[PDB]
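Participant:
Number of protein chains: 2
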Amino acid sequence: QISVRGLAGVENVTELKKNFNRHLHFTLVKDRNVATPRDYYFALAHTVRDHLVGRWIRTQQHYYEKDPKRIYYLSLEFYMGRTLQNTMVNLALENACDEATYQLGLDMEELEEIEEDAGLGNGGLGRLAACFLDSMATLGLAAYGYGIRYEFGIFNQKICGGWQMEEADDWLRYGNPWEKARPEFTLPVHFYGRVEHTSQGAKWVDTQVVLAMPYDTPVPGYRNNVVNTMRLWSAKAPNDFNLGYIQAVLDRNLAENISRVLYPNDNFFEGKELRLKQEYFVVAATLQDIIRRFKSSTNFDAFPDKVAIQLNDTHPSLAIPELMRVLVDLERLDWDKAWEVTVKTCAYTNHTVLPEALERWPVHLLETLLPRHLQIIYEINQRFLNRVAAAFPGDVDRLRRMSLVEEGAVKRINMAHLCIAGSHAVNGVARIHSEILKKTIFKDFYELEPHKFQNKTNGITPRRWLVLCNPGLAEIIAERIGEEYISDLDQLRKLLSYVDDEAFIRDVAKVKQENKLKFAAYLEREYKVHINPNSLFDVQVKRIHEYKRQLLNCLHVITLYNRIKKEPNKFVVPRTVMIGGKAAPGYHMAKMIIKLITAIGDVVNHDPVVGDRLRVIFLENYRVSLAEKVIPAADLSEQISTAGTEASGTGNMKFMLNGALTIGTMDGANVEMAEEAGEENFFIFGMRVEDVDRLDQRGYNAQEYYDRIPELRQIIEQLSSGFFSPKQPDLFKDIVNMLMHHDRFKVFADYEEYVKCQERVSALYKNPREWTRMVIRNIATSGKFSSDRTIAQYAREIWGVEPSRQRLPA
Amino acid sequence: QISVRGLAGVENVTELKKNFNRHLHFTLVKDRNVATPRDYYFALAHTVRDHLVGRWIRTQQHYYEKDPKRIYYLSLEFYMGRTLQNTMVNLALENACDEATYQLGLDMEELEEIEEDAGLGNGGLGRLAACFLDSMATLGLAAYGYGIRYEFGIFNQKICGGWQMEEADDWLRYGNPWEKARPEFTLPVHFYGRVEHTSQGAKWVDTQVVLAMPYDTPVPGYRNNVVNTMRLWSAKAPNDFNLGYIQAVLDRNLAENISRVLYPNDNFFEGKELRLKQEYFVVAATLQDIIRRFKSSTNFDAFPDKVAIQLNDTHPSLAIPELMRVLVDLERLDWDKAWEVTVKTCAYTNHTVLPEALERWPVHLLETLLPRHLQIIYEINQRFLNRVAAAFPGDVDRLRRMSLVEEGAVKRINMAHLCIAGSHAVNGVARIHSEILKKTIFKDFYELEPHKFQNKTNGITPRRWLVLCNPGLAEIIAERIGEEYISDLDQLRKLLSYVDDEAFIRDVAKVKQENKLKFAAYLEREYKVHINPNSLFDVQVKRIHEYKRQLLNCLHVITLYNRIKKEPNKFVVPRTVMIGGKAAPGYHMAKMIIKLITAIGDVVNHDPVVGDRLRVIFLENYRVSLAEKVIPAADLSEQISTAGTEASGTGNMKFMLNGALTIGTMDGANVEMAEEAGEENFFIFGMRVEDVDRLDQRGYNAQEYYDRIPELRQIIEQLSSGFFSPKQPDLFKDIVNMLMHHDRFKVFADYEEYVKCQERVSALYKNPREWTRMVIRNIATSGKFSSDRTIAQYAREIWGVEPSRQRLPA
Ligand SMILES: O=c1cc(-c2ccccc2)oc2cc(O)cc(O)c12
Ligand SMILES: O=c1cc(-c2ccccc2)oc2cc(O)cc(O)c12
């Protein structure tokens, strides 16, 4: 139908149809008489998968022959979403498959909706890993994603009586056609035991063994015939495990629990033993695989020339002492040489400055689970602190500040400190964030080793986040400037010359309207909720957090409602306010915020005086597949974290690419987005980082704002008195108390500027032509935020490898 | 190479080769450069599986169209073994695949050895179910095997220091290419809860739900294009199961433990809750499937006309009250009508008279787990006992003897009594066994309902147990009488006219020698054990039991050794005595017997004076695949259970078909085997059932035999004094004590006749021509013992269906 979706050739369509029928018959063991939509989905998935394997085999053969430097991206999370459409897009098969299925009497879009998300992540960190894999393949790097194959991903969120309920994400129930089990490459991982010192070094003995079984998933590059691998480890008990008889077999579950479930925490550290086991499991299995592949190329001098290991946050930090363990205890290298190799191999990406997200593991846990690693960590610490003492003589407090070992009630190991010590490169994820690292939390480390500290501003893949989710926009862009921008997003700048083009303005606005209509239709069909498609779509989708300030959004919503009630017959720009996202199951305040949002909807959506001028909807079960639906439909993107708290954000970039305007604080990547688009084309409000610092030195008193802002006072009175919860008057007492007395994120301080700024948004929306012109200026300058740009910078400045757009032979 | 293995056509070989390469590439994601023997096995398995599916789909379509009466074979065990060669044989693909693999540079026999046994059974009972499935498909019956997909089958047996060690049979580790998961047909099963009585009947409420997910395996008939289904249920937790968060997800294992492991007990009842859950799980899921299929044909009058349910032992006995529950509580039928339907639908096969194998479930377990079923069982009992009282007025002890409820310290339900009450047909598994049932343990029930009681002598499939495991013998038979005997084993009688044929005598003896050479080679390669291929191969393979009397064999072995030591320079017929089989992990005496056998080998195999005249070998890890190797190699088959204890035996039939002579008591099917072959062609010894009864009335005193038999005395002295265990002199005290004071199976009483009979075996073996002539008379009269005969009798006399040899269109 549309150009960017590829060609539908006669030979191709015929071949796809016959292979579809072959899989339905031989693979699924069905005939057309009993086949369900799900069977049809699987037949198509297997048909498309066939096209990958030839390219997959030859790519990996190519790497074996050429022996390039290998990039190993270690992450506890890979938030992949659905795979079918992505694979079709990257293989240029979308139109041919659409035609083939059409001729078989099937609707491909209906089949696409059957696939479960691979929800092996919490949010931003896991989705960044997924975009990175896509860009690494597109840029022709010999890259491998390594993680854990969780049996259960991020929970499915149900809303019951306005409250979040959690249910298991049984994503593998019907099978996963994309993965290939590799039981032949199973590796042992050791836990517990004790350290024996001999004449020839230390030995780790009397351990318990868990097997790590790999499952490989293909990662196709964009139309370059490159297919890289994501290898995810699954936990298996050895066959002599605990070997009365029946109980011993049943107890195998204990070992296999390691890969059972993803911890559902976003930017929060939970110091549980199972989590530590997960972290070592991925690291130990992965490093064996790396060393095996390196030896199959004695001399570990060339190790850093052939291997790069990227640590996605501190979660895989145990790679540092594990690599030391293998090199010193098993390969018999001297400490100094092993350390040189380790430092030159490892690089670390920091994702947040927030204290509650920082991994600080109790010594007593490491002592029991990983006794040899603790000894190695102690030795690293001593040698590192000797360097600090020599560089800064007499500075005793610096020594305590920089130690990997934190003294206190319970001794802990600071994993971020471990990562900096054992990595040649440390990066933040946006310019402001990287500067904060050097100025605040890692200031001491920066003073010792300034050369280690870098910036790599985050990005998103334009394949999933434009071509896939918004084909209508991709097409009208391609009509003007060609197709090359899909792997060279900087070309979008060419759209600046169309800002006064009357045809383009109309087309951009048309695509947005169609997207809004399609999303409004989705809401009625799947959730029976009614929304006005002519209203401004005001959306905030992201994990529920105090720092992300869904609460500030709530206060604006109530302000709008109160203003309408005061002057019912005054015209206001109609809005649909949509808020979605999951709360960590144990995060009480976040769960209260979800209840607040639904409670506001209950009042606002049923007030006859409001009509269709204001609607508040909670978007249930926010996940990658839902993001692909709502983001193209958005008019206004809410990026309103307290300045200095959101390291980068990536949702912000997704909205910018898809024709929404942004209301936001000068936080994370918002700063660079405003810089690229021009501040006149961005709705910036509120405190800057410097203003927050000034307020902190003075002391934040929320009462001051309550006393001086009558509109804010009314809202707090409504919340406290039970306006939004008549049958439970004190339901929101926890929220009010937090706001008034212990608000670390200064919601009240940004309220006035936020409300004022929102008025300017409504004013612009009244002028459709000028709204759309500003949109064009945003889309046109979104190029910097391609993960292709990000990965090219990692490649050149950290990994020491050169990206390539050259095709492999098909 | 050989005729019975089919044709190797030019078109077929070319097509097999190309599909082999297709699967290696697209299915396994490998190329020839990195592929291992295991990869090659899987590529072949997938290639052969392809040939099944067309036939599988059309068979099941045929049943839907014709709507014949359906046979449901319910078993907790299906001892399937390997599937690759069996599938090739039944599809006439063996020679073509042999050719195709040969041209690819592969040895098919090497590839066959890679497949794991599907060891979902303990021994005879589970293997009977497997042979039955094969015969039902071969006879064109619309039959379904229903059971449990155990994650772990019967344990792998290792011998360490002469003792049995158990390890988990992780049979699914590399995947199972034969099964097809059917998650779309998942069904709920209920446990616990309570019974509420309403105005409209009883209701079972507040239950816990476990999901039953079916996996289907094709069962091909012999060259008739019929492919039936074996459906095995797997346990799955519902997604809201226990839904802090992490623990709730981990606790899903508790529900899924139901299908985790096969109870490793052979002819022994262990009254554990997990086992009861397994029994209800299979019954509840299966019955829903049956009723669904029946409705998709209100009127349950025709239910017995369209459905037969066969209970393999009492393990699935809960089918009776479950069917009543569904008909009364859910379909709202009156009790009397529901009962009439149930009785006419269900039939029960008894497998043993031994008291310790009889299922007697504590009432308190059923009360908690299945409260509604207990109420139904009580009601069945009351109505049944009212019939007994009316038939036998005043006979108060009969009422207590016949009750389904057994009073005592703990009240129990006798499941055998439940089965007889609720079945229209009850059968034993050999003539002597069926007569014992009517005379002894079920005498009361026979007096009330004589028409219910039948015999169905067991059998074995000649496909697996001749054509597959012994192609050399199958070929020389086919050369004389054609191929029709493979599905009409009675035709073997035609071989009686070749008993004086000098060419046939030579060929029969040649095939045996080749088999012995091949097995002697297997032993050296896989276990590094040396055996003399010119010796008499004396084998006893079966589960280790007191009743099966491996101990009597041990006593003969020691007698032979002592006799050689007394007269070293006297000629004796050289023997290799092989004993193999698993012991239940908790069965102390059986574990002691294994140790005894190895302990005897340790002395005998290393005595220089013995030389190669006597060797004692314990065959490790006896299972279906090993049976297929050792049985064709056997000269002498040991079937030496105490008269009245082995209900039938099936191993006996396997040896008879494969050219071994039998030494045995008049027990189980041995009686009918001797009747068929003629007693002159069988080595019969020892007490008959009548002699055991006489000894029991008198009282068995083992001391009498010890005192009167000097050779027996010597052995007991050797055992007690530590001749076979010098470093642990009293190691075998438990065995000696049992033999002397509490031997329920009268080992000493059959000793003299056994030893005498063994001398006659050695005498015959000295005359190769006369040995072989007797062998021919055994093979020629083994026809009755085909499971095709057995199944035809079930079909005509129990199920009310007519078997068919007619081909379905290919
Ligand atoms: O997931 C959480 C995130 C934060 C949290 C709070 C402020 C800044 C960053 C993270 O706090 C928590 C507190 C809890 O008791 C339980 C939780 O699961 C969380
Ligand atoms: O598997 C067993 C079979 C018999 C057994 C004994 C005599 C006749 C039939 C079965 O006894 C046992 C006793 C135990 O303590 C444990 C067991 O696992 C078994």
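These protein sequence lines map, in sequence, to chains A and A'. A prime marks a further copy of an entry chain. Numbered per the entry's author numbering, the first sequence spans residues 12 to 254, 261 to 314, 324 to 836. Numbered per the entry's author numbering, the second sequence spans residues 12 to 254, 261 to 314, 324 to 836. Every residue, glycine too, gets a C-beta built ideally from N, C-alpha and C.
Report the residue ranges of all beta strand (DSSP E) runs contained in full by the region 419-480 of chain A; include only those spanning at least 3 residues, in chain order.
Facilitator: Segments of the beta strand (DSSP E) lying fully in the region 419-480 of chain A: 438-440, 451-454.
Participant: Quick check: what's the CA-CA separation for residue 803 of chain A' versus residue 502 of chain A'?
Facilitator: Within the second sequence, numbered from 1, the residue matching residue 803 of chain A' stands at position 777. Within the second sequence, numbered from 1, the residue matching residue 502 of chain A' stands at position 476. Their backbone Cα atoms lie some 15 Å apart in a straight line.
Participant: Hey, would you say residue 165 of chain A sits closer than 8 Å to residue 87 of chain A, going by beta carbons?
Facilitator: The residue labelled residue 165 of chain A in the question sits at position 154 within the first sequence. The residue labelled residue 87 of chain A in the question sits at position 76 within the first sequence. No, these two residues do not count as a Cβ contact at 8 Å.
Participant: Could you tell me the distance, in whole angstroms, from the CA atom of residue 177 of chain A to the CA atom of residue 226 of chain A?
Facilitator: Translated into positions along the first sequence, residue 177 of chain A becomes position 166. Translated into positions along the first sequence, residue 226 of chain A becomes position 215. About 27 Å.
Participant: Using the beta-carbon of each residue, which ones in chain A are nearer than 8 Å to residue 254 of chain A'?
Facilitator: The sequence position of residue 254 of chain A' within the second sequence is 243, counting from 1. Under the 8 Å cutoff, chain A gives 176, 177, 178, 179.
Participant: The alpha helix (DSSP H) with residue 762 of chain A' in it runs from where to where?
Facilitator: For the purposes of this step, residue 762 of chain A' is identified with residue 736 of the second sequence, where counting begins at 1. Where residue 762 of chain A' is concerned, the enclosing alpha helix (DSSP H) stretches over 759-767.
Participant: For ligand 3, I want to know if residue 612 of chain A' counts as a neighbour, meaning its beta carbon is within less than 7 Å of at least one of the ligand's heavy atoms.
Facilitator: Inclusion of ligand 3 in the displayed structure is not the case, the ligand content consisting of ligand 1 and ligand 2 alone.
Participant: For chain A, check one thing: does any of its Cβ atoms lie closer than 8 Å to the Cβ of residue 234 of chain A'?
Facilitator: In the second sequence, residue 234 of chain A' corresponds to position 223, counting from 1. Taking Cβ atoms only, chain A never reaches closer than 8 Å to residue 234 of chain A', which makes this a no.
Participant: Over the uninterrupted beta strand (DSSP E) stretch that includes residue 338 of chain A', give me the two end residues.
Facilitator: As a position in the second sequence, residue 338 of chain A' is number 312, starting the count at 1. It spans 333-338 - the beta strand (DSSP E) in which residue 338 of chain A' sits, taken as one unbroken run.
Participant: Taking the alpha carbon of residue 794 of chain A as the point to measure from, which residue in A/686, A/696, A/727, A/118 has its own alpha carbon closest?
Facilitator: Looking up residue 794 of chain A in the first sequence gives position 768. Residue 794 of chain A has its Cα closest to that of A/686, out of A/686, A/696, A/727, A/118.
Participant: Alpha carbon to alpha carbon, what distance is there between residue 460 of chain A' and residue 318 of chain A?
Facilitator: For residue 318 of chain A, nothing is modelled; it lies in the interval where chain A passes from 314 to 324 with no residues in between.
Participant: Is there a Cβ of chain A sitting closer than 8 Å to that of residue 194 of chain A', yes or no?
Facilitator: Numbered from its first residue, the second sequence carries residue 194 of chain A' at position 183. At least one chain A Cβ lies under 8 Å of residue 194 of chain A'.
Participant: Strictly under 8 Å for the Cβ-Cβ distance: is residue 191 of chain A' near chain A by that measure?
Facilitator: Taking the first residue of the second sequence as 1, we reach residue 191 of chain A' at position 180. Yes - at least one Cβ of chain A is within 8 Å of the one on residue 191 of chain A'.
Participant: Would you decide whether residue 89 of chain A' is buried or exposed? Buried here means 16 or more other CB atoms lie within 10 Å of its CB.
Facilitator: The residue given as residue 89 of chain A' occupies position 78 in the second sequence. Residue 89 of chain A' comes out buried.
Participant: Quick one: which unbroken beta strand (DSSP E) runs of 3-plus residues sit fully inside the region 681-769 of chain A'? Chain order, please.
Facilitator: Here the runs fully enclosed are 687-690.
Participant: Quick one: which chain A residues come within Cβ less than 7 Å of residue 42 of chain A'?
Facilitator: By 1-based counting over the second sequence, the position of residue 42 of chain A' is 31. In chain order: 68.
Participant: Ligand 1 and residue 265 of chain A': does any heavy atom of the ligand fall closer than 7 Å to the residue's C-beta?
Facilitator: Taking the second sequence and counting its residues from 1, one reaches residue 265 of chain A' at position 248. Checking every heavy atom of ligand 1 against the Cβ of residue 265 of chain A', none is found closer than 7 Å.
Participant: Under 8 Å, do residue 666 of chain A and residue 689 of chain A count as touching if we go by C-beta distance?
Facilitator: As a first step, residue 666 of chain A is located in the first sequence; it is residue number 640 there, counting from the start. As a first step, residue 689 of chain A is located in the first sequence; it is residue number 663 there, counting from the start. Yes. Within cutoff.
Participant: In chain order, what residues of the same chain lie with their CB nearer than 8 Å to the CB of residue 618 of chain A, ignoring the 5 residues before and after it?
Facilitator: Numbered from its first residue, the first sequence carries residue 618 of chain A at position 592. Result list for residue 618 of chain A: 758, 760, 761, in chain order.
Participant: Can you tell me whether residue 495 of chain A' is helix, strand or coil according to DSSP?
Facilitator: Walking along the second sequence from the start, residue 495 of chain A' turns up at place 469. Correct three-state label for residue 495 of chain A': coil.
Participant: Nearest to residue 198 of chain A' by alpha carbon, out of A'/829, A'/245, A'/440?
Facilitator: On the second sequence, residue 198 of chain A' is found 187 positions in, with the first residue counted as 1. Nearest C-alpha to residue 198 of chain A': A'/245.
Participant: If you reduce the DSSP assignment to three classes, tell me which class residue 174 of chain A lands in.
Facilitator: Counting from one through the first sequence, the residue named residue 174 of chain A turns up at place 163. Three-state result, residue 174 of chain A: strand.
Participant: For residue 267 of chain A and chain A', any beta-carbon pair shorter than 8 Å?
Facilitator: As a first step, residue 267 of chain A is located in the first sequence; it is residue number 250 there, counting from the start. Yes, contact with chain A'.
Participant: Which whole-angstrom value describes the C-beta separation of residue 601 of chain A and residue 638 of chain A, a residue pair presumed to lie in contact below a C-beta threshold of 8 Å?
Facilitator: Numbered from its first residue, the first sequence carries residue 601 of chain A at position 575. Numbered from its first residue, the first sequence carries residue 638 of chain A at position 612. The Cβ separation is near 10 Å, so there is no contact.
Participant: Between the region 122-133 of chain A' and chain A, which residues of the former have CB atoms less than 9 Å from a CB of the latter, in chain order?
Facilitator: Under the 9 Å Cβ criterion, the region 122-133 of chain A' contributes no residue.
Participant: Alpha carbon to alpha carbon, what distance is there between residue 61 of chain A' and residue 58 of chain A?
Facilitator: Here residue 58 of chain A is taken as the residue at index 47 of the first sequence, counted from 1. Here residue 61 of chain A' is taken as the residue at index 50 of the second sequence, counted from 1. Distance between the alpha carbons of residue 58 of chain A and residue 61 of chain A': 17 Å.
Participant: Which residues in chain A have a C-beta closer than 7 Å to the C-beta of residue 37 of chain A'? List them in chain order.
Facilitator: Working through the second sequence from its first residue, we reach residue 37 of chain A' at position 26. Correct list: 61, 64.
Participant: DSSP three-state call for residue 217 of chain A': helix, strand or coil?
Facilitator: On the second sequence, position 206 is the one that residue 217 of chain A' refers to. Coil, per DSSP.
Participant: Measuring only between beta-carbons, confirm whether residue 732 of chain A' sits less than 8 Å from chain A.
Facilitator: For this step, residue 732 of chain A' is matched to residue 706 along the second sequence. No, residue 732 of chain A' lies away from the interface with chain A (no Cβ there is under 8 Å from its Cβ).
Participant: Could you name the residues of the same chain whose beta carbon sits closer than 7 Å to that of residue 468 of chain A', not counting the 5 residues immediately before and after it, in chain order?
Facilitator: The count along the second sequence starts at 1 and reaches residue 468 of chain A' at position 442. Answer for residue 468 of chain A': 446, listed in chain order.
Participant: Within 7 Å: the Cβ of residue 380 of chain A' and any heavy atom of ligand 2?
Facilitator: In the second sequence, the residue the question calls residue 380 of chain A' occupies position 354. True, at least one ligand heavy atom lies under 7 Å from that Cβ.
Participant: If we count the other Cβ atoms within 10 Å of its Cβ and call it buried at 16 or more, is residue 598 of chain A buried or exposed?
Facilitator: Here residue 598 of chain A corresponds to residue number 572 of the first sequence, with the count starting at 1. Looking at its Cβ environment, which holds fewer than 16 other Cβ atoms inside 10 Å, residue 598 of chain A is exposed.
Participant: Report the residue ranges of all alpha helix (DSSP H) runs contained in full by the region 21-51 of chain A'; include only those spanning at least 4 residues, in chain order.
Facilitator: Correct list: 21-33.
Participant: Measure the C-alpha to C-alpha separation of residue 587 of chain A and residue 731 of chain A and round it to an integer number of angstroms.
Facilitator: For this step, residue 587 of chain A is matched to residue 561 along the first sequence. For this step, residue 731 of chain A is matched to residue 705 along the first sequence. When rounded, the distance between both Cα atoms is 20 Å.
Participant: Mind listing the chain A neighbours of residue 47 of chain A'? Cutoff is C-beta to C-beta under 8 Å, in chain order.
Facilitator: In the second sequence, residue 47 of chain A' corresponds to position 36, counting from 1. By Cβ distance, chain A contributes 195.
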